[PDB]
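Trainee: Structure, please.
(2 chains, ligands or ions: 2)
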Number of protein chains: 2
Amino acid sequence: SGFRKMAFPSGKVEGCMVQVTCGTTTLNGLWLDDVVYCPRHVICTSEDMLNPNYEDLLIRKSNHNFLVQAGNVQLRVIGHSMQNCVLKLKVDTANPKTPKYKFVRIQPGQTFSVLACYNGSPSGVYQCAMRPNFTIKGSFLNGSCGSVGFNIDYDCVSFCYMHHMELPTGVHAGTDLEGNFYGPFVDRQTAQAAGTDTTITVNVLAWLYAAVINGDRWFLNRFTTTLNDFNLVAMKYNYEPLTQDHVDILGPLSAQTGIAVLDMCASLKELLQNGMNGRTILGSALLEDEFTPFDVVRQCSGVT
Amino acid sequence: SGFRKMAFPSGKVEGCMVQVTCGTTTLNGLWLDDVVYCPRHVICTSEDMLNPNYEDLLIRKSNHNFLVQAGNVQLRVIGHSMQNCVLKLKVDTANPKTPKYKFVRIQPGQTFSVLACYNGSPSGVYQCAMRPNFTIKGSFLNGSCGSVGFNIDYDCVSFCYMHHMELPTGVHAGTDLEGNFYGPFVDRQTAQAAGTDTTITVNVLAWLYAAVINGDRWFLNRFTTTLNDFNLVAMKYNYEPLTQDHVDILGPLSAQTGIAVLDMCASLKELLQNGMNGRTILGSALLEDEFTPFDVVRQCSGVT
Ligand SMILES: *CC(=O)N1CCN(C(C)=O)CC1
Ligand SMILES: *CC(=O)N1CCN(C(C)=O)CC1
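Mentor: Numbering: from 1, shown residues only, chains lettered A, B, ... in the order given. Ligands and ions are numbered 1, 2, ... in the order given. The relevant structure is shown in the block below.
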């Protein structure tokens, strides 16, 4: 019993973190096989970041300007290319600690672990979601860019996030491992506002199921609702519309608990309309939306 | 910017997790050098757990009854001993992945990471505190005992917790790595109630500092207080009494933010007396008490 915001074990990714230095800019790279992936802004001064022309900045850079250090051993860079907003540095040594891995571009509402790194050194691991506005609410200081987000399925690491940007509102933007930003963000120091932070309704319902499974049941009520009625309430409270797809995804938790998805929707509806009245659910005083249905099933069943 | 509940990277500990099986009981062991540490209740059936005599149960067990498996390779057990509530199994192979490590018995209020494991396989990592009642609020299913709690200082893992027990109230009890329970708990299936879950006042103040550092300042007020006055309010709200030691520990965060500890106490006092009025602090709707001052400094400075 007990339900906790849980990151994947980080060991497989710790073995991939390197330090990348270009001139006086140091940040993190991801070493998989004989390629090191890092944010292209490694080639910028802080001055450059106001309006960088990355293609033009990169022409002044050679293989030997990319200093790549794995712990205390330097890697030889034998090639470099820009793919969207990442650099790929070809090194002469395959990372012996390369796990089975994929690159996946996640959807908003999907959760992942972040291994926060500075100078290619892991500092900590926490769990995030891709917000509906394509920001993440991370913990990133200067030197943390090139830190990556990942899921693990048994032995395969799916890398979904590389850290690039803080918005002036203190939220985070980054790319998949093909260097494409999540959302409309750019690697430029300009006016970039996050859109509405909508709540991930399917994840809240997943977490309400988690609560029931672990004994927190005070918020169960005698009511039911419809997708259309619930969605009127979701609209009012900046919740993502609930779809039949979301209902289908909640089916297994529905089945295990014997609480119909639409009944749990009616519970959530009452929580939205009435607040928690100073009570808590799984030790939270607000509605948690960074557990996916898959996260709840994983944690509630003990998958490794 | 951003402040997140952050676990240590788990890689160094992942390399220490093994499966221990005795008869039909499987749980986790910790392999450091040529010793595997596991809960002594590995020798129990669920029936035994009502009133086990561990010394008597252990007499029926030989080295060859302790099946120890590191991934897919079996370790040869060449000796076994009971130390308090843990077994130490001597194996013929030093764990090649043994990190620099210490065994430390933490104090209530101290935080640590847990690598949740099943069958010697890591499932996830989350951050805990030793509660003032010597429980922890974990996420542990059957098969998770022998999972360990740890801090990392640069390269040295300090192991402080091994998981043993769920109380019927869904909170967790365990031992340090000398097999001594935190609090008055025993490895027996009996009536064991947790005492008062008091809030770790120094950790809440640490987290209020973290908030100010990261831009959440609405709860700062024009008031100050005294240790004695604050403690009257702490008493009323089941908060640990604040000591001069706690004030001294908050000094660096005091210094960095320029907010006197006693002024932040007065902010906390008003939060206790008035609640958050539907507002949030670092994305929480309650007062977080599982960041230590050391945790706030670590995360706010980017230590690795
Ligand atoms: C020095 C510099 O230009 N930096 C430091 C490394 N980063 C990040 C994003 O952490 C870029 C800015
Ligand atoms: C089968 C059995 O007796 N078990 C399973 C392993 N554990 C724990 C504590 O996870 C003990 C009970």
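
Trainee: doesn't residue A:95 fall inside a helix?
Mentor: No - judged by DSSP: H, G, I helix; E, B strand; the rest coil, residue A:95 forms no part of a helix; its state is coil.

Trainee: Name the nearest residue to it, ignoring sequence neighbours.
Mentor: In space, and not counting its chain neighbours, residue A:95 is closest to residue A:31: 4.3 Å by Cβ to Cβ, 6 or more residues apart in numbering or on different chains. From N, CA and C alone the C-beta is placed, and that goes for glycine too.

Trainee: check contacts around that neighbour.
Mentor: Residue A:31 is in contact with A:16-18, A:68, A:70, A:75, A:91, A:95, A:98, counting by Cβ atoms under 8 Å, 6 or more residues apart in numbering or on different chains.

Trainee: What sits closest to whatever residue of chain A ends up closest to chain B if chain neighbours are left out?
Mentor: Relative to chain B, the nearest point of chain A is residue A:11 (3.1 Å; Cβ to the nearest Cβ). Leaving aside its chain neighbours, residue A:11 sits nearest to residue B:11 (3.1 Å; criterion: Cβ to Cβ, 6+ apart).

Trainee: Spell out which residues of the stretch 51-200 of chain A are next to ligand 1.
Mentor: Proximity of the stretch 51-200 of chain A to ligand 1 (Cβ under 6 Å from any ligand atom) is limited to residues A:142-145.

Trainee: Which of these are buried? Put it as a PyMOL command.
Mentor: Applying 16 or more other Cβ atoms under 10 Å in any protein chain shown to those, the buried members can be selected in PyMOL as follows:
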select buried, chain A and resi 143+144+145
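
Trainee: of the residues of the stretch 51-200 of chain A next to ligand 1, closest to residue B:54?
Mentor: residue A:144 (47.5 Å; Cβ to Cβ).

Trainee: ok, the closest one touching residue A:117?
Mentor: Yes - the pair residue A:144 / residue A:117 is scored as a contact, 6.6 Å apart, by Cβ atoms under 8 Å.

Trainee: Now do the shared contacts for these two.
Mentor: Common neighbours of residue A:144 and residue A:117 (Cβ under 8 Å, 6+ apart) are residue A:28.

Trainee: ok, back up a step: and the residue of chain A closest to chain B, how close does it get to residue A:122?
Mentor: According to Cβ to Cβ, to the nearest Å, residue A:11 and residue A:122 sit 10 Å apart.

Trainee: shared neighbours of the two, anything?
Mentor: Common neighbours of residue A:11 and residue A:122 (Cβ under 8 Å, 6+ apart) are B:9, B:11.

Trainee: Show me the strands in chain A, by range?
Mentor: Secondary structure of chain A (DSSP state E): strands located at A:17-22, A:25-32, A:35-39, A:66-70, A:73-75, A:77-83, A:86-91, A:100-103, A:111-118, A:121-129, A:148-153, A:156-166, A:172-175.

Trainee: need those strands in CSV with distance to residue B:296, can you?
Mentor: Shown next, in CSV, are the strands of chain A (distance: least, Cβ to Cβ, whole Å):
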stretch, distance to residue B:296
strand A:17-22, 24
strand A:25-32, 23
strand A:35-39, 27
strand A:66-70, 29
strand A:73-75, 33
strand A:77-83, 38
strand A:86-91, 32
strand A:100-103, 33
strand A:111-118, 15
strand A:121-129, 13
strand A:148-153, 23
strand A:156-166, 19
strand A:172-175, 19
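
Trainee: for these, which one sits closest to residue A:296?
Mentor: Taking the strands of chain A one by one with Cβ to Cβ, strand A:111-118 is closest: 10.5 Å.

Trainee: Adjacent strands (with direction) for that closest one?
Mentor: strand A:121-129 (antiparallel), strand A:148-153 (antiparallel) (DSSP bridges).

Trainee: May I see the buried residues of the last one?
Mentor: The one in question is strand A:148-153. Buried residues in strand A:148-153 (16+ other Cβ under 10 Å): A:148-152.

Trainee: cool, stretch A:171-186 as well?
Mentor: For stretch A:171-186, by 16+ other Cβ under 10 Å, it's A:171-177, A:179, A:181-183, A:185.

Trainee: repeat for stretch A:59-68
Mentor: Result for stretch A:59-68 [16+ other Cβ under 10 Å]: buried residues A:61, A:66, A:68.

Trainee: What is the end-to-end distance of that stretch?
Mentor: 19 Å (Cα to Cα, to the nearest Å).

Trainee: For it, which outside residues touch it?
Mentor: Residues outside stretch A:59-68 that contact it (Cβ under 8 Å, 6+ apart) are A:18-23, A:29, A:31, A:36, A:42-43, A:74-75, A:77-80, A:87, A:89, A:91.

Trainee: which residues touch residue A:200?
Mentor: A:108-109, A:129, A:131-132, A:240, A:289-290.

Trainee: Can you name the residues of the stretch 151-300 of chain A that neighbour chain B?
Mentor: Taking Cβ under 8 Å from any Cβ of the partner chain, the part of the stretch 151-300 of chain A that reaches chain B is made up of A:166, A:170-172, A:214-215, A:275-276, A:278, A:280, A:283-286, A:298-300.

Trainee: So residue A:265 versus residue A:221, what's the distance?
Mentor: Going from residue A:265 to residue A:221 by Cβ to Cβ gives 11 Å.

Trainee: Could you check which of those two has the larger neighbour count?
Mentor: residue A:265 (28 against 14; other Cβ atoms under 10 Å in any protein chain shown).

Trainee: Okay, the residue nearest to residue A:95 and residue A:58: tell me how far apart.
Mentor: In terms of Cβ to Cβ, residue A:31 sits 20 Å off from residue A:58.

Trainee: so what's residue A:257 up against?
Mentor: Applying Cβ under 8 Å, 6+ apart, the residues contacting residue A:257 are A:209, A:212-213.

Trainee: where do the helices sit along chain A?
Mentor: A:11-14, A:54-59, A:201-213, A:227-236, A:244-257, A:261-274, A:293-301 (DSSP state H).

Trainee: Out of the strands paired with strand A:111-118, flag the one nearest ligand 2.
Mentor: strand A:148-153 (21.9 Å; Cβ to the nearest ligand atom).

Trainee: could I get that closest one in PDB with only the CA atoms?
Mentor: What follows is strand A:148-153, C-alpha atoms only, in PDB (Å, rounded to 0.1, in the frame of the first residue of the first chain):
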ATOM      1  CA  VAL A 148      16.900  14.100 -20.500                       C
ATOM      2  CA  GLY A 149      13.400  12.700 -19.800                       C
ATOM      3  CA  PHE A 150      12.700   9.000 -20.200                       C
ATOM      4  CA  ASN A 151      10.400   6.100 -19.600                       C
ATOM      5  CA  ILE A 152      11.700   2.500 -19.000                       C
ATOM      6  CA  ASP A 153       9.800  -0.600 -20.300                       C
END
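
Trainee: Tell me which of the strands of chain A lies nearest to residue B:4.
Mentor: strand A:121-129 (4.1 Å).

Trainee: now the closest one against helix B:293-301, angle please.
Mentor: Using axes from the mean of the first three to the mean of the last three Cα atoms, to 10 degrees, one finds that strand A:121-129 and helix B:293-301 are set 90 degrees apart in direction.
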